[PDB]
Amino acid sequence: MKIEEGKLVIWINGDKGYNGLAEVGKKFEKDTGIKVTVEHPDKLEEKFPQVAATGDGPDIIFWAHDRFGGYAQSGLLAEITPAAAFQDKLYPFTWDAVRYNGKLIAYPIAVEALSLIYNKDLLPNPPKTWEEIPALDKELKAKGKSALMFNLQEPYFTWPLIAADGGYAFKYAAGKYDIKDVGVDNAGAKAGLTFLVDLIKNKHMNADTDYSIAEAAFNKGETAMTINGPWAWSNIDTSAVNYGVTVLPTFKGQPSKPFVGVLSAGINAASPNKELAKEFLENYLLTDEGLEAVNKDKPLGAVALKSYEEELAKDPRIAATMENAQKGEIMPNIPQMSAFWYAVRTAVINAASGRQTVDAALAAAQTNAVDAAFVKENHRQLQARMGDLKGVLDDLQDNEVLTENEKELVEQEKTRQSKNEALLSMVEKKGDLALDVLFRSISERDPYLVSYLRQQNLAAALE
């Protein structure tokens, strides 16, 4: 519809303390009279750039910083204006994570990193290595219990192992990232994922495992270990299970390298309540009591606010979190991250399910990760061989990449070539997120064509 003036609508992920944040809104409402509504829509990281592109959506959006460059590229975010004194209340490295092209485009909240969570009354000495987990799983299964269960559907949770022996997203080149240098196909990436797959072949893990299965199994005492972030600590607490949080196990003598996310709050560019949002985030949320209100619901973990993090220092769970973070990497915020994640999500699920080899799964990821480049570079061949656009046009429209008028202009053309030509040029101008949708649509609806071009480009590169 349109964004209501004199009100604040907030979006935050369903695994965060959204009831706690709503408590902060109530305090803001009591003092200022401004209503604050907190929501947690399914797949909000996808849903946001769809609705915001038309000038709809929440006043404030919460997500890890890695998606925020894509949003900023599309002009969905407003530039924020905290004073120098405000900025000093937070760690410098958290401001860096929310800087896109010299502009601050979000307020940092929480520093998120995965850790190894273990049942104390079942495993006094957690294994320091991934290697000894197969042996640990055989002797644990004799007692009707398993060694390790964690979410295998989201690449976030498998990435630490994949990166440990040398897998990386985009190569950092002394100041910036090179979007042509992807490291999902190297030997370290292959070896980390091959280990994961081998765990499954040897039936120490199952490819079907998601968040729901992994969480219930641990909190029932059915599995010895899991891998998760701080937000999951509440559900383990209430289950009265005695558990510890510690450094992730090593792979080949190298530490697991989790991708660190800075949970951040961006303000919709189309919002008429930017000042209200600033007041809410600076004066109310980013205070000791505001952060604790959220934490009571779901733990934030380590946080960006200096004064609050010092009080969290005495917590061994927080220390384990920052240790794990410091052995990992802060995620890039570049627009190509969405394509990176899609590429790794697909590679893991396919290798783990057995429908691709690790080599074939990762070979494709290398190409899927560089979405936009692939389409522009194969512009000539696509124009000729793409074919019927109905499903693709629908995809682009469902995802709000094209308007109705734009779709109909493509459908106007007399032949398939002129139709293809019209569509191709229009999408390239709309950003990385739009070409992702186009690439994914073509990959989903005509998978052969992508494989074919992938293969024709090899013969062109060989000669």
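For every residue, the number given is its place in the sequence shown, counted from 1.
*Asks:* Report the stretch with the higher mean CA temperature factor, choosing between 221-229 and 136-144 on the basis of the entry.
*Replies:* Here the higher of the two C-alpha B-factor means belongs to 136-144.
*Asks:* If you average the CA temperature factors as listed in the entry, which stretch comes out higher, 333-341 or 204-212?
*Replies:* 204-212 has the higher mean C-alpha B-factor.
*Asks:* Looking at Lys390, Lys274, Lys376, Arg99, which has the highest CA B-factor as recorded?
*Replies:* That would be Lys376, according to the entry.
*Asks:* Sort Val182, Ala302, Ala384, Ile105 by C-alpha B-factor from the entry and give me just the highest.
*Replies:* If I rank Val182, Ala302, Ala384, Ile105 by C-alpha B-factor, first place goes to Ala384.
*Asks:* Compare the C-alpha B factor of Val450 with those of the other modelled residues in its chain, then answer lowest, middle or highest third.
*Replies:* CA B-factor rank for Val450: middle third.
*Asks:* Select lowest, middle or highest to describe the third in which the CA B-factor of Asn324 falls within its chain in this entry.
*Replies:* It falls in the bottom third of the chain.
*Asks:* When the deposited Cα B-factors of this chain's modelled residues are ordered and cut into thirds, is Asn420 in the lowest, the middle or the highest one?
*Replies:* It belongs to the middle third of the chain when residues are ordered by C-alpha B-factor.
*Asks:* Lowest, middle or highest third: where is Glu279 by C-alpha B factor in its chain?
*Replies:* Ranked within chain, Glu279 CA B lands in the middle tercile.
*Asks:* For the chain shown, is the CA B-factor of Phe195 in the lowest, middle or highest third of its modelled residues?
*Replies:* Tercile = middle for this residue's CA B-factor.
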